[PDB]
Amino acid sequence: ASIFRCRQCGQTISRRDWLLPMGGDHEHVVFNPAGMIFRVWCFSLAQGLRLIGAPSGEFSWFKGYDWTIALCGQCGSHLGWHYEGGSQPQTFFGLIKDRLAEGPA
Ligand SMILES: Nc1ccc(C(=O)N[C@H]2CCC(=O)NC2=O)c(Cl)c1
Ligand SMILES: [Zn+2]
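To get PDB author numbering, take the position in the sequence shown, counting from 1, and add 18.
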């Protein structure tokens, strides 16, 4: 149970080793303005994504950070967001836990 893949297509996305405790915990339960609730896991690093659009600070769950939508680069499924423009760390990923599949190397 080391590697996280895209649940839809199996694209390699991230590792458990790259979990990042932002503000005390790697898991944050959040809701967007459309009322959708997400369990978001924070990662220092990710791969196999495609970041779409320019960064936006509107409705950012993480103070000091602007967000870009992160799609699965393979199948185009929305996996979360990339965060940038902040400090300690400058950038990180917030990925939707239930859209990932955990398994071995
Ligand atoms: N009409 C919509 C529908 C959904 C959204 C959304 O998911 N927004 C996220 C972006 C990442 C974040 O940190 N906070 C959010 O709220 C937005 Cl901004 C407008
Ligand atoms: Zn995928």
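Note that the Cβ used here is the ideal one computed from N, Cα and C, for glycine as well.
- A distance criterion of 7 Å places the beta-carbon of residue 95 in contact range of ligand 2, judged by its closest non-hydrogen atom.
- At least one heavy atom of ligand 1 falls within 7 Å of the beta-carbon of residue 52.
- Distance from the CA of residue 19 to the CA of residue 123, rounded to the nearest whole angstrom, comes to 8 Å.
- Residues 25, 95, 97 of the same chain have their beta carbon placed closer than 7 Å to that of residue 117, with the five preceding and five following residues left out of the count.
- Pairwise C-beta distances place the region 69 to 81 out of contact with the region 24 to 39, as fewer than three of them are shorter than 8 Å.
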